[PDB]
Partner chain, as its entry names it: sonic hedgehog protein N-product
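Here you get one chain, nothing else, as C-alpha cells; it is the form deposited without its partner chain.
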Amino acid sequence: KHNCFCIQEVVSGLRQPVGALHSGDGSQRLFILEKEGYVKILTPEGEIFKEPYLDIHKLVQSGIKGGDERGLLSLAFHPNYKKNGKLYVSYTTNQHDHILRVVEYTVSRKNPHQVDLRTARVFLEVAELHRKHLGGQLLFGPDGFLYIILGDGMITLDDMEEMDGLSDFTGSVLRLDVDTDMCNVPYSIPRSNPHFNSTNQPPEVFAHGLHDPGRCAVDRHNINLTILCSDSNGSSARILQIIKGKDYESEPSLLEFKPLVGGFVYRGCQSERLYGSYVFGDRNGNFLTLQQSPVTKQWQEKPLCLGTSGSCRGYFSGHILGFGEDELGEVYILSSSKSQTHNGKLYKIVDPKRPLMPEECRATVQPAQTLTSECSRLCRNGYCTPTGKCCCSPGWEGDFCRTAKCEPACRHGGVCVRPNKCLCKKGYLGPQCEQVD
C-alpha cells in the first residue's frame, strides 16, 4: 500500500461547510461556503477572516435535519472576476414549500473581501415542493457560459400537472450567457443551446433527466467540455457524462460496478500521477478513480486508497459534505461531525510521494485589489452587466446613467435633478417651473 494518498487538516471551526473554491484573481484566497448562508475567506497563509465575505443567513432558509438540503447550495465566480467583481450564488429561501434562487452579486468597491449586499440581481427563482433532490451547483465552462445543475426536487408528474407555476427547470442542466449588453433581461440564451428560439422547451435547458445529482466534475483540459455527474434515483447510484440536448431518464451509467457525494477532475500541481484523473467519493471517504479507455471510450473504476504518512493521515473526522478546489488546482474535503456547533473541517488531499511544494508549483500571491472597471466607478443609477454595460434604472440615461429624464421638460432654466423632478429657479413654480411668480 505505497500508492495511497493522505489527508491534511487545514482548518476547523467551520459550521456545516458545503464546498470551497477560489476566485481566479491571483490572490489564492479560498472561499468556504457554510450551509446556513455564509461565505468565509481562508487566506493562503491559513487565516480565516473574521468578517464573512458574504452573509445572507437572514435571506437563506436552511434545515436542521441532515437530509434537509435547504440552505446555501453553490457559488461561482465570473471568469473575469478580477476586473468585474461578479459572483453567482444559489440558495433556498421562503416566499409552495420554498424557492431556489440563483442570484448575482458584485464585490464591494471599497473592500475586496466583502460583497456589497445591495447589488443582488436575481437570475432565477425555481419553485420547490420538497427538501431533497435540489442540486444547485453553479459552474462556468471553458465556453464562458454559466451552467446550473438542478435535481428533480422529488417533483412527481401529478404534482406538476396539477400545480401550475412550477418552474419546469427542475431535473435539468441549464446553460446561460451572462455576458449580455441587453438590459431587458438578466442573461441571454446561448445560440448553441439546443432549444434556442424553440417554444416547445425552455431555452435555458441544455440537458435534462437528472434526478439526485452530486457535485459534478468539470474538466478544463482539449476538445469541447466534459462534465461528469453522479446521480442516485433511490441503490440506483449511476454516473452520467453530460452532453448537449440529452435526456438522462432511464439512462445507464458509464459504470456497472457501482452513495456518492460527487467528484472532481484533478488539475493541481502537487501530484503528478493524479493529474487528469476523475475522482469520486462517498460520504465515508471511499474514493474511486474513473479512467476512460482511448480505444473503446468505455469507463472503468479503480479504488483510491488513503494511508497515513506522518501527520498526513489516512482518515478524517465525520462525513464528507463537499469538495473544494484552490487557485493552484489542489483539492479538498469538507467534512462535519455531530458532537461542537462548529465541528466542520477543511482537509487537503496530498500525494505523499511528492514534496508539498515542488519547484514547478511555486506561484506568487497577487493580493486582491479593489475594482477598477470604469462601469463600477461611474454607474451610479442602475446596474453593471458583467460586460461593463451600465443599465439605467427607470428615469435615467447617459453613458453611466448620470442624467435624469424629465417628461415634460423643466422650464425657465430648471434642472432635471431626479426622474421627473425639476429644481426650479426662484420665482418659478409648478412641477416643470412653468408658473411665473
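Numbering follows the first chain given and starts at 1. In this text, the rigid core denotes the largest set of C-alpha atoms whose superposition between the two forms falls within 1.5 Å.
The same protein has a further form, the form solved in complex with its partner chain, not shown here; the description that follows concerns it.
When you look in the deposited bound form, the only residue of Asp181, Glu360, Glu162, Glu256 with a non-hydrogen atom within 4.5 Å of its partner chain is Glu162. Though its partner chain is absent from this view, in the deposited bound form it lies within 4.5 Å of a heavy atom of just one residue from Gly209, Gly245, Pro202, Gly144, which is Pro202. Only one segment in the set 150-158, 117-125, 133-141, 83-91 has residues whose heavy atoms sit within 4.5 Å of its partner chain in the deposited bound form; it is 150-158. Proximity of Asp168 to its partner chain in the deposited bound form falls within the 4.5 Å heavy atom cutoff. In a rigid core superposition between this form and the one not shown, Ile243 is the single residue of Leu328, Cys183, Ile243, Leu117 whose Cα is displaced by 2 Å or more. With the core held fixed, the Cα of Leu59 is displaced between this form and the one not shown by less than 2 Å. After superposing the rigid core, the C-alpha of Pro408 moves by 2 Å or more between this form and the one not shown.
After superposing the rigid core, the C-alpha of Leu423 moves by 2 Å or more between this form and the one not shown. In the deposited bound form, the CA atoms of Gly144 and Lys244 come closer by at least 3 angstroms compared with the shown structure. Note: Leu146-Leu240 Cα separation is 3 Å or more shorter in the deposited bound form than here.
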